[PDB]
Amino acid sequence: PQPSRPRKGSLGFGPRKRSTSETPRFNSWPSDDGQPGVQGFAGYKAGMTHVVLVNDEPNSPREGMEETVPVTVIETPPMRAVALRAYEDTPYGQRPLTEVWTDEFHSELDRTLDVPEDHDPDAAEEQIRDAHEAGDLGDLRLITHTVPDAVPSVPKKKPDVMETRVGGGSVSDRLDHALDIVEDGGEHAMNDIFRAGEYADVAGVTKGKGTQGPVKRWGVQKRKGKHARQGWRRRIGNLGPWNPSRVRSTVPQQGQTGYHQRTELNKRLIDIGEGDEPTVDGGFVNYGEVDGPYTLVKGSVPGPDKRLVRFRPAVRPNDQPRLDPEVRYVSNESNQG
Amino acid sequence: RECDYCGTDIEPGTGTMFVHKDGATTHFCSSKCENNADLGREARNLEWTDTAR
Amino acid sequence: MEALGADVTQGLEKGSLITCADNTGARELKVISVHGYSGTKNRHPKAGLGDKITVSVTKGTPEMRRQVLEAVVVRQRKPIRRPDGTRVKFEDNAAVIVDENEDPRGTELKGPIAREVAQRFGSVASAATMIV
RNA sequence: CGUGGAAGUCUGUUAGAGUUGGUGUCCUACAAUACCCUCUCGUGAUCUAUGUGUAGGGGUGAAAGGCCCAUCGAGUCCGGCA
RNA sequence: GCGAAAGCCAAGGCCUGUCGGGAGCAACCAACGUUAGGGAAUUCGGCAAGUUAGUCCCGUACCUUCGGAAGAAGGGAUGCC
RNA sequence: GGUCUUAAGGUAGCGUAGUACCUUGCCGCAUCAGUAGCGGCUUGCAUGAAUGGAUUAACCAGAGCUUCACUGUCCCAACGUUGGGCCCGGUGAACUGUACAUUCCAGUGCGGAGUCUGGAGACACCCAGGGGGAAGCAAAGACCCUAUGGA
RNA sequence: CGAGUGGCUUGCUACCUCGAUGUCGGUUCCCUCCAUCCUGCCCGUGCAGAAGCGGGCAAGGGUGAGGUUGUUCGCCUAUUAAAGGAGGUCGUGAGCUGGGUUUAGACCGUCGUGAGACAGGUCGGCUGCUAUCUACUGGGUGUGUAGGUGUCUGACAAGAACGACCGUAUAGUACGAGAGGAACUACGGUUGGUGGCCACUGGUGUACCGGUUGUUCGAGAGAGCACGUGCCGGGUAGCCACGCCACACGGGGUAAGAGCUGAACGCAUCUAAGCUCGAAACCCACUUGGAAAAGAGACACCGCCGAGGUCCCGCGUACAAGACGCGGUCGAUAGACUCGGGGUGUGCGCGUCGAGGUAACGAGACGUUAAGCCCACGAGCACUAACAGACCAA
Ligand SMILES: CO[C@H]1C[C@H](O[C@H]2[C@H](C)[C@@H](O[C@@H]3O[C@H](C)C[C@H](N(C)C)[C@H]3OC(C)=O)[C@@H](C)C[C@@]3(CO3)C(=O)[C@H](C)[C@@H](OC(C)=O)[C@@H](C)[C@@H](C)OC(=O)[C@@H]2C)O[C@@H](C)[C@@H]1OC(C)=O
Ligand SMILES: [Cl-]
Ligand SMILES: [Cl-]
Ligand SMILES: [K+]
Ligand SMILES: [Mg+2]
Ligand SMILES: [Mg+2]
Ligand SMILES: [Mg+2]
Ligand SMILES: [Mg+2]
Ligand SMILES: [Mg+2]
Ligand SMILES: [Mg+2]
Ligand SMILES: [Mg+2]
Ligand SMILES: [Mg+2]
Ligand SMILES: [Mg+2]
Ligand SMILES: [Mg+2]
Ligand SMILES: [Mg+2]
Ligand SMILES: [Mg+2]
Ligand SMILES: [Mg+2]
Ligand SMILES: [Mg+2]
Ligand SMILES: [Mg+2]
Ligand SMILES: [Mg+2]
Ligand SMILES: [Mg+2]
Ligand SMILES: [Mg+2]
Ligand SMILES: [Mg+2]
Ligand SMILES: [Mg+2]
Ligand SMILES: [Mg+2]
Ligand SMILES: [Mg+2]
Ligand code: NA
Ligand code: NA
Ligand code: NA
Ligand code: NA
Ligand code: NA
Ligand code: NA
Ligand code: NA
Ligand code: NA
Ligand code: NA
Ligand code: NA
Ligand code: NA
Ligand code: NA
Ligand code: NA
Ligand code: NA
Ligand code: NA
Ligand code: NA
Ligand SMILES: [Sr+2]
Ligand SMILES: [Sr+2]
Ligand SMILES: [Sr+2]
Ligand SMILES: [Sr+2]
Ligand SMILES: [Sr+2]
Ligand SMILES: [Sr+2]
Ligand SMILES: [Sr+2]
Ligand SMILES: [Sr+2]
Ligand SMILES: [Sr+2]
Ligand SMILES: [Sr+2]
Ligand SMILES: [Sr+2]
Ligand SMILES: [Sr+2]
Ligand SMILES: [Sr+2]
Ligand SMILES: [Sr+2]
Ligand SMILES: [Sr+2]
Ligand SMILES: [Sr+2]
Ligand SMILES: [Sr+2]
Ligand SMILES: [Sr+2]
Ligand SMILES: [Sr+2]
Ligand SMILES: [Sr+2]
Ligand SMILES: [Sr+2]
Ligand SMILES: [Sr+2]
Ligand SMILES: [Sr+2]
Ligand SMILES: [Sr+2]
Ligand SMILES: [Sr+2]
Ligand SMILES: [Sr+2]
Ligand SMILES: [Sr+2]
Ligand SMILES: [Sr+2]
Ligand SMILES: [Sr+2]
Ligand SMILES: [Sr+2]
Ligand SMILES: [Sr+2]
Ligand SMILES: [Sr+2]
Ligand SMILES: [Sr+2]
Ligand SMILES: [Sr+2]
């Protein structure tokens, strides 16, 4: 009677086209709870190595025992929050109001931006406060870039600019916190936002695989048995029925695979540190050597080596944070062998 | 741990452990060793092995 | 069931000829089904270490032959991943016949057993010679 | 036990003959019957060149209505014929 | 080497089974190699593929028109110096 | 039934058959499970003696089934090799074409519409793809009926 | 007995096509219906419990593997939460398959004088086409919005991004004479689906290294051929799955339903006004897309004689063309060299030994030698090549 079966692949990550920005853009942000802070950071993917841990989970029968955990190394040097953008609540959603910039700029920010020479940080700040008085101020976000120059293995010096949200206390107190970071030089580290043991959401633009067929793109079957030798190997049975006299967008077809934005949920930060403790012998294959500010994220992270990945505190965590896990051993053994 | 074939130190979180018919246990550091063992070769006879040198 | 404390890559399928690691009189067992399993279209139902399977006796004593009994997969050739990351593989694929109450039908268990089987089926463990 | 070396005998891509499956390749072809692998026969009722005989309601046919110049349950050409 | 067999090479012939250049050269297709664990669950059907293999020694069932079955099956051996 | 039609009235055998409608007949073998296969039974819709019956060693690119061995046939797909495919120079056809044509969901209509009616959607052009639709292309249906047709 | 709904079966009719709308079954891939098999929330019970039986709302998700048969259907097995049914030209042959029906060959049975027949059986018996239009999947080029760079907004669009099960504590407890035997909640894991990633395991790896057969280059050394690696052994990077990571809760409004207050109708009444609850379903949440949203958007800064861009050069985190991304001496972008990190497994030569042999000769063994050969990765390193320079632009 023709057995049932779920459709090949998900319709939720559509359309399967190339990403507009190689730098990921978050569409969701955490809720306003504790003390005001920047809701995210960023780094550059380095590679994978394993780490030995002590089981933190109270409900695990293995609590306190030795456990091997796969970890991805991401180089996370300090970022610079160059501006404070303000949004206003309009009958057409949220719209940007004004921006508060600075004087101190990183030597090579001009490779991406048309750096401000003449700006009024006071009149901008005034417009935001007069809007808060009116009860029209939406949320508070900071324009932020990365220092790829600080990362020797990444070829680019051209900074990856992206906006991040500041949430926390009252809208008045987080306006102050936001302006306070900017007015200095905008310098902040991963220690300022995250603590080892917390669950984070890692966004990334996947490994580009060009144009691929249905078997790889949608995971459909290959032609089986006698059908496999007839001249059709990796092509689906049909493009749809007689009626409707058209091909639906839901039928698995060929095209672009990879280079898509993916936001991978609930990623545990195993350790945040500095130096050469996680580097592999002979250097990370197709990347380089790690010596500086890093982050060890549990499991996989979207994208290849050298790519920019974004961080955010989990908007929907499953477990309660079990802070600063004990690290018994980090492997430095060559990835060649 | 040490490899029950070549004698080098098995990097923690790596390797395979083969269980024999009688119950005997043999830890291996890599597939290279496993395959050399399956060929009936004894670690003493191969020069690259830590047992030999 | 209770957590095995290891990740198993199923090495057996429906119709697989495996060994009977006991003194029941049954020599070769044939997998028919797996307890609490429900696959997907075209996929052959898979069985592995720690699974309670349903079996038919292919070889053995005239009395034990042709019988449809339940069993537990003790050993398997395809590697299983323990918490410390180490893989463990066996010489053969083996099972021990079990009754309704998850107790072994025979008295003596031939060959080694995995420590993971001990957590799920206790009276099979307390009947085992070697536990690896 | 040896000798002998019979056979519409056996194995065999020897030469040569044949054409089972792939229902592969091709299917505006390389080709109006092709290509590749697989397969059968291979001292005999064997295969083959050349010459020669049988002609259309007639031949030829170990018989399939097979074949008789890409033409066959009655060849082809022209005529009867507008 | 059993060989008018394979494979390799002479003599002799040829680069005219007659359009070329570029992309680590994607999807897809044609021929094809290797795939862990399982082992025909595939399918109308093991279709396709694979297995086996040469030589010598041992050994060989039912049945039989006594010719045959039969290389039955199964076991062992195999290089170089 | 314990002869009658029309001469005789199925003997040896074989039998659910390449012949058995009922039918997947019943029993058994075999498998977890066997409309299959084999053995037995067998009243045979509608077996049977040169319209040759039964049987059979050897032979078979003949039809069906079982086992060992084998394996990407399958679970379930991966990577690779060679020629294409894609881009460039040169060469250079054909199929097909009433017209218009960016469609889609409904409806209507000779009852199976890109073109009618209502709505919806729709900026143009170009590259690659696998073929959903044009009741796609290809051949005055080889089925069926009809012709005071043919062989 | 009576009234109907559907359009899956069959039958009828003969409206459509005979200058052809390819068959049945299967397969593959997509959407749907509800008359619901499972899962959620309910009501009744001949509801103690447990296991059921019947009914309501409900189409989110699921509904699987196999033995005979061409079968659909159906029979049978073991698993399962359950292994529901139906529509899409009895969905799907310019996708596959070709086992059955239904050509030409042949046999059997029956019928027939016979040719030959059969809504009887049986063996064999072919699968065409270079896509013009349209449709969708992905990729570009222009135009509109009316100079640029960077960051956003969110009209709308897509999602199942998650479904389900087993076990433990609750508990041998509630309930029950006993046998038997729950739940709320909290946890652990499995399965199916989904997205991604390669540290680990596994595969490939006609890169590479070794062994070795035949033959050829006189031997040696070192090589070629054996189908695109002769075969065998090992295998880096990358790509992969058989490997690994991740994939809530909760709100809001409802259905069936349980209720509150409450009148018509002094009472009663969940309903008529009003209100409190309440489904795996809906909406939000979350993920993806999305300035061509014609109301054609917002902010900041740079620039209108110069901001920025294109071509150019060195290259890939990108790639079928096109596109995208980075670097360009104020430089580590690529190559050479040297390290490091890796693959293989101990080089040629020489010395000793070597069963033997008068000697010649001698397979092979040990040493020299973690040797020799090799690397799709990293580092150091401006040595070499990123030069010269052209164009557009308010
Ligand atoms: C249905 O079986 C087909 C199989 C094959 O189909 C044809 C070819 C397809 C046939 O087309 C199909 O013919 C059927 C009789 C009717 C069918 N229609 C109902 C649709 C028609 O189309 C189909 C079946 O798709 C064939 C007739 C086409 C055509 C132009 O007439 C023709 O004759 C050409 C010279 C073809 O040569 C031959 C001998 O057919 C060639 C083009 C070759 C290369 O293509 C083919 O051979 C294909 C294999 O041959 C037909 C004669 C058979 O028809 C029947 C009833 O059995
Ligand atoms: Cl298929
Ligand atoms: Cl099963
Ligand atoms: K017709
Ligand atoms: Mg590696
Ligand atoms: Mg390793
Ligand atoms: Mg199937
Ligand atoms: Mg002649
Ligand atoms: Mg005839
Ligand atoms: Mg395999
Ligand atoms: Mg075959
Ligand atoms: Mg019978
Ligand atoms: Mg007679
Ligand atoms: Mg058609
Ligand atoms: Mg006609
Ligand atoms: Mg006819
Ligand atoms: Mg006539
Ligand atoms: Mg209903
Ligand atoms: Mg639905
Ligand atoms: Mg089947
Ligand atoms: Mg149909
Ligand atoms: Mg079609
Ligand atoms: Mg075609
Ligand atoms: Mg048939
Ligand atoms: Mg037939
Ligand atoms: Mg066809
Ligand atoms: Na084809
Ligand atoms: Na069709
Ligand atoms: Na042939
Ligand atoms: Na004539
Ligand atoms: Na013959
Ligand atoms: Na293959
Ligand atoms: Na089409
Ligand atoms: Na009706
Ligand atoms: Na009808
Ligand atoms: Na069909
Ligand atoms: Na449903
Ligand atoms: Na069936
Ligand atoms: Na049709
Ligand atoms: Na076809
Ligand atoms: Na069909
Ligand atoms: Na609710
Ligand atoms: Sr159907
Ligand atoms: Sr953003
Ligand atoms: Sr959004
Ligand atoms: Sr075909
Ligand atoms: Sr239509
Ligand atoms: Sr002969
Ligand atoms: Sr055929
Ligand atoms: Sr042809
Ligand atoms: Sr072939
Ligand atoms: Sr022969
Ligand atoms: Sr004439
Ligand atoms: Sr020559
Ligand atoms: Sr020429
Ligand atoms: Sr190999
Ligand atoms: Sr079979
Ligand atoms: Sr032998
Ligand atoms: Sr009789
Ligand atoms: Sr006879
Ligand atoms: Sr095409
Ligand atoms: Sr005709
Ligand atoms: Sr229910
Ligand atoms: Sr079968
Ligand atoms: Sr039917
Ligand atoms: Sr039936
Ligand atoms: Sr057929
Ligand atoms: Sr018939
Ligand atoms: Sr029939
Ligand atoms: Sr215009
Ligand atoms: Sr319980
Ligand atoms: Sr009890
Ligand atoms: Sr009690
Ligand atoms: Sr070669
Ligand atoms: Sr109500
Ligand atoms: Sr615009």
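What counts and what doesn't
Residues numbered from 1 in each chain as written, not as in the entry; some residues may be left out. Chains lettered and ligands numbered in written order. Part of a larger assembly, values for the part shown. Heavy atoms only, no water. Helix = DSSP H or I, 4+ residues; strand = E, 2+ residues; numbered from the N terminus. Rg over C-alpha atoms; globule rule 2.2 N^0.38 Å. Near = heavy atom within 4 Å. Polar contact = N/O pair within 3.5 Å; in protein donor to acceptor, adjacent residues only side chain to side chain. Nonpolar A, V, L, I, M, F, W, Y, C, P; charged D, E, K, R; others polar. Axes fitted to C-alpha atoms, helices over the stretch in contact; angles between N-to-C directions. Parallel < 35°, antiparallel > 145°, perpendicular 65-115°, else oblique. Contact = heavy atoms within 4.5 Å. Buried < 20%, exposed > 50% of the residue type's maximum accessible area, 1.4 Å probe, protein only. Pairing = 2+ DSSP bridges. Salt bridge = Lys/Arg side-chain N within 4 Å of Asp/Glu carboxyl O.

Going by the header, the method for this PDB entry is X-ray crystallography, and the resolution given is 2.900 Å.

Asks: Could you clarify how one ought to interpret the overall build of chain C in this entry?
Replies: Looking only at helices and strands, chain C has 2 helices and 10 strands in total. Moving toward the C terminus, one meets the helices and strands of chain C in the order β-β-β-β-β-β-β-β-β-β-α-α. Taking 14 Å as the expected radius of gyration for a compact globule of 132 residues, we find that chain C reaches 14 Å, a close match to that expectation. In terms of principal-axis extent, the alpha carbons of chain C reach across some 45 × 40 × 25 Å.

Asks: Help me understand the protein's contact with RNA strand E in this model?
Replies: If you check the shell around RNA strand E, you find 19 residues, and the closest are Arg-229 and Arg-233 of chain A together with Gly-11, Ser-16 and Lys-78 of chain C. Take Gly-11 of chain C: an N or O atom from its main chain is 2.7 Å from a sugar or linking oxygen of RNA strand E. Residues of the surface near RNA strand E, tallied by class, amount to 2 nonpolar, 9 polar and 8 charged.

Asks: When you look at the protein's contact with RNA strand D in this model, what are you seeing that I'm missing?
Replies: Residues and elements named next belong to chain A. Residues in contact with RNA strand D, as listed here, are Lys-226, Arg-229, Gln-230 and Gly-231. When atoms of RNA strand D within 4 Å of the protein are split into backbone and base, the sugar-phosphate part holds 100%. In terms of residue class, the surface near RNA strand D is built from no nonpolar, 2 polar and 2 charged.

Asks: Please clarify how the packing of helix α1 (residues 121-133) of chain A against helix α2 (residues 173-184) of chain A should be interpreted in this entry.
Replies: How two helices pack is summed up by the angle between their axes together with the distance between the axes. Residues and elements named next belong to chain A. At a minimum axis separation of 12 Å, α1 and α2 run at an interaxial angle of 170°. By the criterion of interaxial angle, the relationship of α1 to α2 is roughly antiparallel. For the pair α1 and α2, the contacting residues are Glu-125, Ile-128, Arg-129 and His-132 in the first and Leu-175, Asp-176 and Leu-179 in the second. Of the residues in the contact of α1 with α2, the class split is 3 nonpolar, 1 polar and 3 charged.

Asks: Could you clarify how one ought to interpret the pairing of strand β7 (residues 162-167) of chain A in this entry?
Replies: Along a regular strand, successive side chains alternate from one face of the sheet to the other. Residue and element names in this part refer to chain A. Most of β7 is tucked away, with 6 of its 6 residues classed as buried. Burial of β7 is two-sided: the residues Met-162, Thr-164 and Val-166 facing one way and the residues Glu-163, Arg-165 and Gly-167 facing the other way are all buried. With 2 bridges joining them, strand β1 (residues 37-38) and β7 adopt antiparallel strand pairing. The residue bridging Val-38 from the neighbouring strand is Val-166, located in β7. Alignment of strand β6 (residues 137-145) against β7, held across 5 bridges, turns out to be antiparallel. From the neighbouring strand, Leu-142 faces β7, where its bridge partner is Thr-164.

Asks: When you look at the interface of chain B and chain C in this model, what are you seeing that I'm missing?
Replies: By a widespread convention, an interface's size corresponds to the accessible area lost as its parts come together. In this assembly, 13 residues from chain B lie in contact with 12 residues from chain C. In this assembly, chain B and chain C are joined by 1 salt bridge. The closest approach of N and O atoms between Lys-89 of chain C and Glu-34 of chain B, which form a salt bridge, is 2.9 Å. One can count 6 residue pairs in polar contact joining chain B with chain C. Ranked by residues supplied to the side of chain B that touches chain C, first place goes to strand β1 (residues 16-19) of chain B with 4 residues. Taken together, the residues of the side of chain B that touches chain C sort by class into 3 nonpolar, 7 polar and 3 charged. Note that β1 of chain B and strand β9 (residues 87-89) of chain C share 3 bridges and pair parallel. Looking at the pairing, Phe-18 of chain B lines up with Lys-89 of chain C of β9 of chain C.

Asks: Help me understand the sheet that holds strand β7 (residues 68-75) of chain C, please; the structure alone is not making it clear to me.
Replies: In a beta sheet, neighbouring strands pair by backbone hydrogen bonds and run either parallel or antiparallel. Residue and element names in this part refer to chain C. Ordered by their spatial adjacency, 5 strands build a closed barrel running β3-β4-β6-β7-β10, and the pairing between neighbours is mixed. Averaged over all pairs of adjacent strands, the angle between their axes in this sheet comes to 55°, without regard to strand direction. In the sheet, strand β6 (residues 52-60) pairs with β7 via 5 bridges, with the strands oriented antiparallel. If you follow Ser-56 over to β7, its bridge partner there is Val-68.

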